[PDB]
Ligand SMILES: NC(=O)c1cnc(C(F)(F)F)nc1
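One chain is shown next in structure tokens, namely the form solved without this ligand.
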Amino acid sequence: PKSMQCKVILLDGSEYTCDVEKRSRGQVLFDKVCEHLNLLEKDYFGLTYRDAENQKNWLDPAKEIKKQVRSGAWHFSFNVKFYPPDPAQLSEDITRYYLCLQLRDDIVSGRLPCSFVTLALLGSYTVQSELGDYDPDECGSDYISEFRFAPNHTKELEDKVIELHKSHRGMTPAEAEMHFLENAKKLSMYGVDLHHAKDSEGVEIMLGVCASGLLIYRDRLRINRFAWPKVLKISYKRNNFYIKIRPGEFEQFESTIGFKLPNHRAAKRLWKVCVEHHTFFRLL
């Protein structure tokens, strides 16, 4: 039986390497990574790969790996796919731990915008979990953490992390991680997967996919929201993406809203992530 080497970037930035039979489905590799991570609450997570256009794609666990990566390398990242709206209800601390690691990357990358004070507060809970109690011996007036907290670091931010870290004396790692998540879950872009698109006029918008529904970001003024219950059909055709909205009370007709994506692969990718979010979260 011929086997293909897989490299998976883990959320702490280390590499997991394993082999699978070359006709293996995505679930096979995912199960190996999840066993490596001692992770049981696996339904929130997935593997990503980069396609020949360098776009992030979810590895479909039901389909052959080779039919997804095609000409590309068998190189993956382990990621949160469905962000829990209420991380306190997850069964295991280790699940909360991986969710924190993902969110730390979402913050540092700028995918998850965050006020100065919330960057410092989240940073302070990370430091508490990772180093434990504040120690002045390691932290002088000139201290800069090895920990990445933000898309740009300033000394003011480093100082505020330390001031808040001092307040967390006695806090255990699982407790600090739960505080991290209770704060992160409130951020307007928490667990929002953003897609560039054009409205049926030609105006550049962003489409956001998350637990609560589909978001349309036109600009700083006027954000549209379609809760998943209010969506009966999602479809794509060529470069276009459409959603079938349920009629409101006493309306005769459903209403269909349409968007232009960069290319056909982008429209298909947005359709699939919407269907998957809809299916996963219509049990809330």
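Note that residue numbering begins at 1 and tracks the sequence as displayed.
The same protein also has a form solved in complex with this ligand, omitted here; what follows describes it.
Undergrad: With the partner left out of view, is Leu187 within 4.5 angstroms of this ligand in the deposited complex by any non-hydrogen atom?
TA: Yes, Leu187 lies within 4.5 Å of this ligand in the deposited complex.
Undergrad: Check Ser255 for me: does it contact this ligand in the deposited complex (non-hydrogen atoms, 4.5 angstroms)?
TA: No.
Undergrad: Is there a heavy atom of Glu35 no more than 4.5 Å from a heavy atom of this ligand in the deposited complex?
TA: So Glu35 does not count as contacting this ligand.
Undergrad: Going by a heavy atom distance of 4.5 Å, is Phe259 a contact of this ligand in the deposited complex?
TA: Although this ligand is absent here, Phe259 would stay clear of it in the deposited complex, with no heavy atoms inside 4.5 Å.
Undergrad: Taking this ligand in the deposited complex as the reference, which of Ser167, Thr154, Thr118, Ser200 has a non-hydrogen atom within 4.5 Å?
TA: Here the answer is residue option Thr118.
Undergrad: Check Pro1, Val20 and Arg23: does every one of them have a heavy atom within 4.5 Å of this ligand in the deposited complex?
TA: Answer is no for this spot.
Undergrad: With this ligand taken in the deposited complex, which residues across 45 to 61 come within 4.5 angstroms through any non-hydrogen atom?
TA: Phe45, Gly46, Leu47, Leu59, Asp60, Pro61 sit within 4.5 Å of the partner.
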